[PDB]
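Chains as they are written, first to last, in this note's numbering: chain A, 19 to 214; chain B, 1241 to 1322; chain C, 3 to 85. Yeah, the Cβ is synthetic: ideal placement off N, Cα and C, and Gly gets one too.
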Amino acid sequence: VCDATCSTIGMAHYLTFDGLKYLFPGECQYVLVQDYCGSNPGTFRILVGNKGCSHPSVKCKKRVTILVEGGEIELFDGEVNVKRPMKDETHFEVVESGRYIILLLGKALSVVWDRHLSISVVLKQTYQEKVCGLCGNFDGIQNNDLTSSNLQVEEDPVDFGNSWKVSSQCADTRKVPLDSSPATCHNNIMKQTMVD
Amino acid sequence: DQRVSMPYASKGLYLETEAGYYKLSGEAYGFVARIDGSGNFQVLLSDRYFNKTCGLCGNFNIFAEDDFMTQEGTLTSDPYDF
Amino acid sequence: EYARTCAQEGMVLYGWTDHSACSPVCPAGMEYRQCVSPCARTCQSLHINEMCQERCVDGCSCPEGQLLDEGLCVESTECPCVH
Ligand SMILES: *[C@@H]1O[C@H](CO)[C@@H](O)[C@H](O)[C@H]1NC(C)=O
Ligand SMILES: [Ca+2]
Ligand SMILES: [Ca+2]
């Protein structure tokens, strides 16, 4: 079995490990992925936090806070920032090669960041169903990547991510009326074909 | 004019409730407002506007006597016409 | 007001409302604590820690147990689920 790969294509979409594009415009802070899931120690707790990103625009600067080995290293606005160095500095590593910030954290973990929005965490063979969050469980089964925090499969992913937010008193996002044209392209058929 | 539900988080303005009291955060724009149950407006604001924000809560300087600088810019003795 | 004004300056005060015979209004289930954490551990919550290093804030909050669920305090045993 090969190394899976999340992604955050554009402002509001998510690609799971097993491979499942789905839509989730949120504005609160959300659990991209973690290990503390049911009956396990809880080693790493990668998070993601967006601001003004329910409608994609030149706005929506992300904030990423990753919690491993009792550490707190986070990044936004181009650079990375350490708030609490972790104990085992040996596995730590940062490679600012090209557009990206490649970022190792251990034998079986890695992260990538295009300095603008993309978040592509990369895992190894080690876990094989030890995680949960937005990216799902990493089991090979692709339809069980909507297993909400309350341990059931949903069908409408807008209700999925609302379970995984951190601040349980901030805003749950609104079920949008589905349509093939977003806000501007809605009733502007001309512009739709120049983008198409 | 459209009444929305609560909480609410558009445009970088989380509109939350903390400790049973309502909050409005703008950390990108450098302010945190809130209200209590009785009604007591409060405004927390960064050090970035030191000697900037002129208004009804006065400038963010060190002094406390000179913080009536009108919309013209005029040190006034009356806390009322200001 | 004088309580909070001293609190903001880096020097908090405690328990002053015990004998003052005035507590600020709050909805049912809660009354005015002093210096409660903003990250109130509620019912439908993920058990995560040492991210909320924010400063300590005044305001009314639930009893020791009695977790929050939709604007009221409710006992930890009766935590619902959602679908
Ligand atoms: C404040 O700003 C004014 C003009 O805006 C300037 O004249 C003054 O030197 C500054 N100093 C203080 C203490 O505000
Ligand atoms: Ca899966
Ligand atoms: Ca002043």
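Length of the line joining the Cα atoms of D157 (chain A) and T211 (chain A): 39 Å
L123 (chain A) versus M104 (chain A): straight-line alpha-carbon distance, rounded: 10 Å
Sequence-distant residues of its chain with Cβ nearer than 7 Å to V86 (chain A) (five each side left out): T61, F62, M104 and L123
Spatial distance of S57 (chain A) from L169 (chain A) (CA atoms): 13 Å
Distance cut-off 8 Å: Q160 (chain A) Cβ against heavy atoms of ligand 2: yes
At least three beta-carbon pairs within less than 8 Å, the region 60-70 of chain C to the region 30-40 of chain C: yes
Limits of the unbroken alpha helix (DSSP H) element including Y4 (chain C): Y4 to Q10
CB of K101 (chain A) within 9 Å of CB of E111 (chain A), strictly: no
Inter-residue Cα distance where the pair is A30 (chain A) and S78 (chain C): 34 Å
Neighbour-count burial assignment, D190 (chain A), 16 or more Cβ in a 10 Å radius: buried
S72 (chain A) versus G44 (chain A): straight-line alpha-carbon distance, rounded: 5 Å
Listed by chain order, chain A residues near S1250 (chain B) by CB distance under 9 Å: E45, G70, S72, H73 and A189
Contact set for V98 (chain A): own chain, Cβ-Cβ below 8 Å, skip 5 residues either direction: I91, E92, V112, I119 and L121
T23 (chain A) beta carbon less than 9 Å from that of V139 (chain A): yes
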